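The figures here come from the full heavy-atom set of this structure, side chains too, leaving out hydrogens, waters and symmetry mates. Chain letters run A, B, ... following the sequence lines, proteins first, then strands; residues in each count from 1.
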Amino acid sequence: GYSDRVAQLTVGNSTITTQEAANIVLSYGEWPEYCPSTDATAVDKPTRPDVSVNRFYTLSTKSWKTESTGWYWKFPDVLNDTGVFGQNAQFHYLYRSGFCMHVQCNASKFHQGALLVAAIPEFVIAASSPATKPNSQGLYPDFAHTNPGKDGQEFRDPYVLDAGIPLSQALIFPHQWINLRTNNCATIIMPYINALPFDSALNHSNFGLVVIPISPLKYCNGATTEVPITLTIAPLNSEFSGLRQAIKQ
Amino acid sequence: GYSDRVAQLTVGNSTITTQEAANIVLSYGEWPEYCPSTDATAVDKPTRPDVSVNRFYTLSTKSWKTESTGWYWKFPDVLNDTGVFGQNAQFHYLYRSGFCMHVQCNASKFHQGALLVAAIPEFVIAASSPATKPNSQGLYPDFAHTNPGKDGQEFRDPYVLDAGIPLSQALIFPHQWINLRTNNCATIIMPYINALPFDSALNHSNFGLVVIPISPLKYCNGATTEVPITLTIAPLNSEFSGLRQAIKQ
Amino acid sequence: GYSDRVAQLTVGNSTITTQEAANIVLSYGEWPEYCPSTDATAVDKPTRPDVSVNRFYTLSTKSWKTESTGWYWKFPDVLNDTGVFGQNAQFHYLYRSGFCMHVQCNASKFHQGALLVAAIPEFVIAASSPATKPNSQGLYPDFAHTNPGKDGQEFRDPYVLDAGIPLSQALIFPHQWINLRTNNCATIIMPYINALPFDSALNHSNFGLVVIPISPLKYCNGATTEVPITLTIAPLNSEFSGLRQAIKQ
Amino acid sequence: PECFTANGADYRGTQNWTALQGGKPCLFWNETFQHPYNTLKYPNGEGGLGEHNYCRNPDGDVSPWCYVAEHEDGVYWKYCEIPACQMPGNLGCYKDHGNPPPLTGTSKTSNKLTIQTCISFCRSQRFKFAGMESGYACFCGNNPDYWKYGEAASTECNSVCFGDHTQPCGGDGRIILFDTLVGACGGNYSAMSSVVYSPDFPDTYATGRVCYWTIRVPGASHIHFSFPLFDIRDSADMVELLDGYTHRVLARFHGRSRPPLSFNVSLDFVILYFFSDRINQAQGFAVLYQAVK
Amino acid sequence: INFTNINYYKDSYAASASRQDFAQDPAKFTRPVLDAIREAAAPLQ
Amino acid sequence: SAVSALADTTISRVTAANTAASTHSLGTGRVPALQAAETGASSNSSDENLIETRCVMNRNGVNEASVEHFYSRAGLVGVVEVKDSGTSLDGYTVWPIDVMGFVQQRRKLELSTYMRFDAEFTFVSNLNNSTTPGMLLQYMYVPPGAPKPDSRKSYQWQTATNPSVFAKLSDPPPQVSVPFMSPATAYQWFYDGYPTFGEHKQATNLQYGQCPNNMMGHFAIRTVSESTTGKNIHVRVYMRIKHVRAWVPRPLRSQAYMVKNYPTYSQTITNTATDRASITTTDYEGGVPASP
Amino acid sequence: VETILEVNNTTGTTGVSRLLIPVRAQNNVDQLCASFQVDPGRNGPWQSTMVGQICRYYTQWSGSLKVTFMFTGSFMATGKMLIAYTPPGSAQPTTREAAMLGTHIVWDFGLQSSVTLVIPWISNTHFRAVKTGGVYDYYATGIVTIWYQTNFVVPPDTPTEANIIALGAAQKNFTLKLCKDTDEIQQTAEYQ
Ligand SMILES: CCCCCCCCCCCCCCCCCC(=O)O
Ligand SMILES: CCCCCCCCCCCCCC(=O)O
Ligand SMILES: *[C@@H]1O[C@H](CO)[C@@H](O)[C@H](O)[C@H]1NC(C)=O
Ligand SMILES: *[C@@H]1O[C@H](CO)[C@@H](O)[C@H](O)[C@H]1NC(C)=O
């Protein structure tokens with residue numbers, strides 16, 4: 001009737017071991033599933049390259065600092081140029097997949113801090129601008145902020161999630177904390193959420209992956225200053241339809 | 001009890017229609033099959049990207065001339081940089097697949113000529129050199145002749161298949177003629193032949209694909225001079241194991 | 001499960017043999033029938049001169065040229081002065097009949113071109129006029145264009161069928177192509193279509209019979225220049241009521 | 001002609017009114033501190049702004065605008081319908097009602113459409129006119145009657161081009177028509193007065209343009225060459241006024257060679273030359289010649 | 001609970017539209033031929 | 001009882017054709033792609049037999065493409081101005097009933113050759129300034145042969161047998177159900193013939209295509225007034241075609257109409273398709289190719 | 001019902017010639033014969049089709065399309081064409097090697113003179129808006145390009161340029177939605 005602190009996540013040829021894990025958040029209680037015949041609309045037979053694309057891709061490592069605001073990734077965009085997933089995402093017009101997001105941040109028992117690892121469906125990034133005409137560039141975020149790639153994007157205003165919504169209510173989304181005294185990893189299994197059965201992996205980013213320090217990383221002199229935060233994600237039940245020439249963006 | 005001249009070959013999203021077809025050569029009476037558990041040695045789960053790689057790739061068009069000697073391709077090498085097959089062939093160490101080679105050469109009822117379309121397993125290309133020391137470069141074929149790519153390689157001595165073996169006995173291999181008065185296509189379905197269940201798609205070329213004009217293309221003035229020869233091949237039952245970084249050559 | 005290229009159409013003392021026939025279009029899936037008692041309104045006993053009027057009348061031969069626009073006939077009008085059908089059509093006020101339109105155009109295997117043989121119910125012929133007052137003569141077609149007789153009428157604007165409707169959608173009507181590489185005849189069996197069970201063969205033309213060259217007749221020097229197009233039609237289930245003095249127009 | 005740019009970001013023309021008739025007055029720039037564009041955030045010029053209520057385009061919008069008194073429902077600015085701000089190649093904003101189109105010809109929808117990508121599309125097919133509409137639609141035609149549905153206010157064609165949001169590309173049912181000579185890589189100019197532009201003028205001139213404009217007024221004595229716009233800030237990219245019969249350089253202009261107000265020539269046959277490096281492309285130039293018989 | 005398609009007048013043509021008899025028979029326009037041609041078969045053999 | 005009928009009154013969803021799962025086919029004699037368009041038959045090739053398809057249990061409703069739903073929509077069929085001001089102090093107007101005066105209704109009707117239908121005619125009447133003062137109007141249907149009114153006071157407005165609707169402008173739009181009124185089994189938007197016998201050698205030839213089976217009389221509208229009202233009333237007639245039976249589908253009109261009762265196109269023929277630069281030029285930019 | 005696609009909707013081409021896809025003997029290999037977008041309601045070749053005109057009376061469409069190409073050359077004219085449907089996201093393929101990566105059919109001219117290329121319903125949404133252009137290229141259907149798989153080979157004394165007639169129609173799973181008013185004919189005055 002409890003959650004075991006040890007966990008092993010084996011997907012494909014990738015395996016993730018954690019010895020200080022809180023639990024595994026199954027987003028909205030729904031495992032990732034393949035598109036049923038009732039919900040499908042595209043007639044082409046989808047490709048399900050099970051083990052070549054459904055596997056853990058360690059994508060980015062961000063150095064947690066005392067004044068760090070946080071980072072966000074867009075799930076399809078963060079894997080669109082990586083591995084056989086990226087190739088299928090480029091060669092195919094349609095794509096659907098869940099994911100198993102695994103954020104890793106280990107620190108000594110003398111460090112402190114708390115990250116909020118949340119998976120935000122349809123994470124539309126806002127721009128912070130003064131009162132200006134709709135002609136103004138500052139009213140709308142550039143592409144580097146909407147699709148940060150694999151490197152992610154440092155939050156400008158994590159208090160409002162760079163979306164005008166309060167960070168305090170970001171816990172309405174499938175979330176997990178990395179409290180350094182408690183756990184060093186946060187696992188979120190997110191099913192494919194979209195008003196469409198399939199969608200373009202290049203145009204549309206289904207989920208945002210926010211890692212925001214709520215309690216700032218504090219430690220004493222002599223502790224290891226560099227405390228990294230690693231994002232390992234794994235597609236789950238990846239389908240691809242609409243084969244054509246490979247399209248980058 | 002006869003072979004119908006019309007044929008349609010539907011593999012993946014590709015479909016090949018022919019209205020003047022001799023038959024379909026099933027090489028050695030064996031359809032391409034996936035590697036059984038008894039014959040397999042690699043323990044990794046193979047990827048079988050059925051419709052993304054098993055499909056007709058129209059790869060090369062060679063202009064048949066009166067003095068043309070012939071052309072040869074190496075089946076894995078001819079697809080190693082094309083489509084999702086090439087990507088799987090580069091990302092995976094191991095590969096096995098049959099193919100459905102479809103050579104197309106149409107000409108008017110006033111043209112004449114006969115091609116020999118044969119699929120030669122382990123088509124080791126020979127070099128034609130004078131009596132020289134083993135130090136000599138001419139004793140061994142360069143890589144452009146061993147792995148001609150998708151463009152193929154024009155035969156230097158089609159009489160000996162550039163292999164020291166008489167072309168007249170090349171009919172011991174799975175073959176088909178394109179006799180311009182009879183048919184305009186030659187289809188050969190070749191199963192995976194190798195002393196190994198899987199093999200490197202980059203190092204090892206399992207089959208050679210020779211198209212040699214035995215009866216030279218003759219026509220009269222006013223007929224269409226350009227008489228092309230098109231090679232459309234389709235992998236069949238393609239497996240790939242040993243995922244790693246993509247390796248070109 | 002196929003259409004035999006040979007066909008013989010025996011109606012009355014007329015027989016039409018074709019050895020390169022596509023099929024026989026049964027217009028709207030309805031064979032010509034005699035007027036049932038439920039649909040009839042006229043009380044006089046109709047005359048059904050079966051074999052004297054229901055027979056193939058070869059009516060017109062038009063020379064297909066490279067710049068030819070096409071020709072159209074009006075089915076009752078094209079037979080109103082021919083044979084015992086014409087006499088019954090003149091002596092009787094009421095008339096109803098289907099027809100078996102058979103267009104014939106044979107050319108060598110070195111000719112090319114494609115006719116669109118369509119049977120258009122209620123083929124109201126339009127006039128092509130500049131913006132003018134309703135007093136203007138050009139706004140309305142003369143009688144030679146509305147009822148061309150047996151000679152037919154050369155299309156002025158076959159692109160719009162001389163009716164303001166696009167020729168490209170004329171395939172919504174019971175149609176058949178004469179593709180010179182494929183067939184030399186087009187047969188359309190059209191039932192009597194009218195909002196009335198019977199109608200005047202002189203005033204009302206139930207169907208138009210268009211023969212438009214879509215792909216222009218091209219050939220090389222030495223081929224037979226004169227490539228005729230012959231219209232043989234046969235009334236089917238011809239009834240005539242309302243006997244009186246013979247009326248021409 | 002007061003404006004020689006597509007967006008009106010060259011207008012200094014003394015119009016303190018949204019429209020010449022039936023509009024709203026403009027708020028002074030030295031008094032509009034409630035808003036981003038004023039004389040405090042832009043001290044020295046910086047967009048024709050100053051101590052005046054004149055319409056300006058400092059933000060690179062599609063048309064010269066001005067701040068209006070915010071009363072209606074928060075509308076605190078309005079585009080100015082400056083009739084003299086029409087680009088010398090801009091034939092106007094016209095209505096598009098239906099299927100007999102203003103420009104009967106070829107069409108093109110481009111999510112990267114600019115004014116020049118439409119003109120270049122029409123010029124490649126020997127069309128005289130190029131009409132942008134709805135920000136993405138491009139229409140070509142030789143129709144001298146593109147006004148068959150009546151003219152429209154320039155502000156009715158203020159939809160941003162999908163490829164360059166600083167340029168007007170028409171609107172819903174409104175088509176902005178340009179003469180396809182604008183931004184051509186050369187051409188023959190036999191006319192009294194014409195405003196020859198840089199290659200691909202509403203956009204930035206491409207890298208590697210070697211263009212030759214033939215300006216021969218058959219009967220003129222002097223040609224008054226004026227440059228109302230010379231955003232040619234670079235070194236290799238130069239604009240030369242080569243002679244005619246002799247093909248000799250008469251005046252070479254580049255970054256630190258900005259042209260005089262009138263480099264008049266006594267030859268009735270001048271060849272406007274343009275050069276472009278492989279890098280450092282700028283907004284271009286807009287020359288204006290006036291032949292005096 | 002649906003309460004519609006009710007005629008309040010003695011004349012049947014005063015009723016609402018007949019929107020419950022969707023029938024699709026395209027063969028009279030798409031395959032108006034005498035010889036039924038199988039899909040897998042070459043039509044003109 | 002009949003409560004079972006009231007239960008099955010909502011429109012049931014008829015779905016589109018499902019796609020079956022298909023595999024690869026490598027053989028001879030089976031050519032579902034090869035067709036013969038000369039036969040006049042559309043291709044019977046299915047998606048399953050040309051590509052490897054999946055199982056798509058299609059639930060898209062095809063019910064809206066019915067002839068009833070396509071036609072049961074009130075469109076403008078007539079604008080009748082009851083002129084009672086200025087030079088035209090009539091106070092009445094007799095309007096020839098024709099549904100081919102406006103392009104939107106006319107083009108939809110001419111999709112079919114014969115149409116047998118009942119109609120729901122609605123009259124949306126108002127002044128020039130869009131206002132609807134209480135002003136009594138009389139919309140009298142004058143069938144073919146009934147005497148047409150020649151004034152606002154004439155005896156024909158007694159409507160002892162003619163159908164007539166009295167409604168003020170302030171009332172909601174008068175709406176009536178018109179049956180299938182025609183001597184023929186169906187109306188005929190295209191009549192390849194002449195109404196009368198004869199030679200038809202007139203310079204104008206106005207009678208071609210004029211079928212009196214469609215001429216259903218006049219709509220006489222008057223202000224119920226004793227003198228001039230000084231106000232012109234614009235009566236817009238909207239016809240909703242119900243109980244539709246369509247026959248012989250036709251190509252949709254491509255040329256702009258020029259007259260009401262005749263197909264007549266300009267000498268400047270407009271192409272059905274808009275012109276493009278070349279037969280190999282498509283204006284779809286797509287995305288950036290991975291490796292050109 | 002299959003109706004003629006106006007694929008030769010080019011400047012200068014007038015009349016019935018706009019309904020023909022010209023095919024001729026090529027001096028080079030792997031060349032492009034013709035291309036056209038497969039958006040039924042887009043101003044282009046599909047306007048000439050019954051499906052493309054009935055689509056315009058509706059806002060959203062769904063289902064597979066079908067283009068039956070009929071070769072109208074001489075019996076002695078032989079040739080193989082690659083007709084490829086490129087799903088959305090890609091522009092018109094610049095080479096046949098790029099086009100053969102999509103849904104394609106290799107058409108062999110012969111006794112059967114017609115080939116059918118099904119444009120499969122490859123869409124992210126259940127329906128595509130009939131309106132195209134601008135942000136509505138989200139509902140782009142794709143591009144159909146006709147390539148010379150082999151040449152157009154003819155014997156002597158035979159025409160070297162023939163025509164392919166495209167016949168566009170809708171598959172059995174075709175569906176329309178949200179009846180609207182077409183934008184095909186405009187009216188400025190009541191027809192008198
Ligand atoms: C009280 C007012 C009642 C209104 C009576 C309206 C009667 C309408 C007649 C039915 C309309 C359909 C037939 C129209 C055919 C005419 C078109 C034509 O062929 O020119
Ligand atoms: C005033 C009472 C009218 C009753 C009309 C019958 C309605 C039946 C209710 C069930 C609706 C039918 C569909 C169903 O069975 O769920
Ligand atoms: C516009 O400026 C001119 C400058 O002379 C001035 O006379 C005029 O009153 C101004 N109009 C408005 C509305 O400010
Ligand atoms: C702005 O400048 C004008 C022109 O000199 C002047 O009349 C006005 O008072 C100035 N306003 C302010 C707020 O400085």
A.B. asks: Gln169(C) vs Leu252(F), test: side chain to side chain contact (heavy atoms under 4.5 Å, CB included). Steps then yes/no.
C.D. replies: CA-CA 8 Å; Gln169(C) 307 179 25; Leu252(F) 286 174; 4.2 Å; yes
A.B. asks: Under 4.5 Å from any heavy atom of chain C, what part of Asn271(F) do you find: side chain, backbone, both or neither?
C.D. replies: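 Contact with chain C is through both the backbone and side chain of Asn271(F).
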A.B. asks: Main chain of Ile165(C), side chain of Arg250(F): is a donor-acceptor contact present, judged purely on distance under 3.5 Å?
C.D. replies: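 Not at all, since once roles are kept as given, no pair shorter than 3.5 Å links the two residues.
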A.B. asks: Shorter than 4.5 Å, heavy atoms on both sides: which option in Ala131(C), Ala127(C), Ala163(C), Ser168(C) has the most such pairs with chain F?
C.D. replies: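 Between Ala131(C), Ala127(C), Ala163(C), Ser168(C), the count favours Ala127(C).
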A.B. asks: Please lay out, stage by stage, how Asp192(F) and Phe207(C) fare under the test side chain to side chain contact (heavy atoms under 4.5 Å, CB included).
C.D. replies: CA-CA 8 Å; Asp192(F) 185 13; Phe207(C) 313 99; over 6 Å; no
A.B. asks: Please determine whether the number of non-hydrogen atoms from other residues, nucleotides or ligands lying under 6.0 Å from atom CZ of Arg156(C) exceeds 12.
C.D. replies: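 Yes, CZ of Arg156(C) has more than 12 neighbouring heavy atoms, counting only those of other groups under 6.0 Å.
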A.B. asks: So which heavy atom on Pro251(F) is nearest to which on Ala170(C), and how close?
C.D. replies: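 Residues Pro251(F) and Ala170(C), closest heavy atoms: CG-N, 4.0 Å.
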A.B. asks: Quick check: does any side chain N or O of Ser128(C) sit under 3.5 Å from a backbone N or O of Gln267(F), one acting as donor and the other as acceptor?
C.D. replies: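 Side chain of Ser128(C) to backbone of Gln267(F): no pair is present.
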A.B. asks: Verify whether the ring centers belonging to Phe143(C) and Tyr208(F) lie closer than 6.0 Å.
C.D. replies: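 No, the ring centres sit 6.0 Å or more apart.
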A.B. asks: Test your reading of the model: is there a side-chain donor-acceptor pair from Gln176(C) to the backbone of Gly40(F), 3.5 Å cut-off?
C.D. replies: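 Looks like no, no N/O pair under 3.5 Å.
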A.B. asks: Identify the heavy atoms of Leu139(C) and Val259(F) that sit nearest to each other, and give their distance.
C.D. replies: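 Smallest heavy-atom distance, with atoms named: CD1-CG1, 4.2 Å.
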A.B. asks: Should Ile193(C) and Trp247(F) count as side-chain neighbours, where that means a heavy-atom distance under 4.5 Å?
C.D. replies: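 Side chain of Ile193(C) against side chain of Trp247(F), heavy atoms only: no contact under 4.5 Å found.
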A.B. asks: Before you tell me yes or no, could you show the steps for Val124(C) and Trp189(F) under side chain to side chain contact (heavy atoms under 4.5 Å, CB included), namely the whole-Å CA-CA distance, both residues' side-chain angles and the distance that decides it to 0.1 Å?
C.D. replies: CA-CA 10 Å; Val124(C) 185; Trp189(F) 314 129; over 6 Å; no
A.B. asks: Please classify the contact between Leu171(C) and chain F as side chain, backbone, both or neither, with a heavy-atom cut-off of under 4.5 Å.
C.D. replies: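 Neither the backbone nor the side chain of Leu171(C) comes within 4.5 Å of chain F.
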A.B. asks: At a heavy-atom separation under 4.5 Å, does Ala273(F) approach chain C through its side chain, its backbone, both, or neither?
C.D. replies: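 For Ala273(F), the backbone is the part near chain C, not the side chain.
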A.B. asks: Can you tell me which of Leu206(F), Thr264(F), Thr270(F) forms the most heavy-atom pairs within a distance under 4.5 Å of chain C?
C.D. replies: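 Top option by heavy-atom pairs under 4.5 Å: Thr264(F).
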A.B. asks: Kindly give the heavy-atom pair with the smallest separation between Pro195(F) and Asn203(C), and that separation in Å.
C.D. replies: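 Where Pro195(F) meets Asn203(C) most closely, the heavy atoms are O-ND2, 4.3 Å.
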A.B. asks: Is there a donor-acceptor contact under 3.5 Å from the side chain of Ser254(F) to the main chain of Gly164(C)?
C.D. replies: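 Here the side-chain-to-backbone pair exists.
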A.B. asks: With only heavy atoms counted, which part of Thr196(F) is less than 4.5 Å from chain C, the side chain, the backbone, both or neither?
C.D. replies: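 The answer is the backbone of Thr196(F).
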A.B. asks: Taking side chain as everything from C-beta outward and backbone as N, CA, C, O, which of these in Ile178(C) sits under 4.5 Å from a heavy atom of chain F? Side chain, backbone, both or neither.
C.D. replies: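 Contact with chain F involves no heavy atom of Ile178(C) at all.
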A.B. asks: Would you name the heavy atoms of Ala195(C) and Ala186(F) that are closest together and state the gap between them?
C.D. replies: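 Heavy atoms of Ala195(C) and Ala186(F) come nearest at CB-O, 3.5 Å.
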A.B. asks: Using modelled atom types only, decide if a donor and an acceptor are shared between the side chain of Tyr159(C) and the backbone of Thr272(F) within a distance under 3.5 Å.
C.D. replies: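 Such a contact is found between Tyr159(C) side chain and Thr272(F) backbone.
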A.B. asks: Side chain, backbone, both or neither: which part of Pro141(C) has an atom under 4.5 Å from a heavy atom of chain F?
C.D. replies: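 Both parts, heavy atoms under 4.5 Å.
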A.B. asks: Could you check which of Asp142(C), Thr187(C), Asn194(C) has the highest count of heavy-atom pairs closer than 4.5 Å to chain F?
C.D. replies: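 Of the options given, most contacts go to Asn194(C).
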A.B. asks: Taking atom types as modelled, find out whether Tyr194(F) and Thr146(C) have a side-chain donor-acceptor pair closer than 3.5 angstrom.
C.D. replies: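 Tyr194(F) vs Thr146(C): donor-acceptor pair found between side chains.
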A.B. asks: Testing the basics here: between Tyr140(C) and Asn205(F), what is the closest heavy-atom pair and its distance to 0.1 Å?
C.D. replies: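 Of all heavy-atom pairs spanning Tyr140(C) and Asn205(F), the closest is CB-O, 3.4 Å.
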A.B. asks: May I ask you to name which of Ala126(C), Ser129(C), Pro134(C) has the most heavy-atom pairs under 4.5 Å with chain F?
C.D. replies: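 Heavy-atom pair counts peak at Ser129(C).
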A.B. asks: Checking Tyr93(C) against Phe197(F) for the side chain to side chain contact (heavy atoms under 4.5 Å, CB included) test, could you report, in this order, the C-alpha distance in whole Å, the side-chain angles of both residues, the deciding distance, and whether it holds?
C.D. replies: CA-CA 11 Å; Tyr93(C) 164 54; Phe197(F) 297 80; 3.8 Å; yes
A.B. asks: Could you check which of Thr204(F), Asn213(F), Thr268(F) has the highest count of heavy-atom pairs closer than 4.5 Å to chain C?
C.D. replies: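 It is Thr204(F).
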A.B. asks: So, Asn183(C) and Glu38(F): side-chain donor and acceptor under 3.5 Å apart, yes or no?
C.D. replies: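 Side-chain D/A pair, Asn183(C) to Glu38(F): absent.
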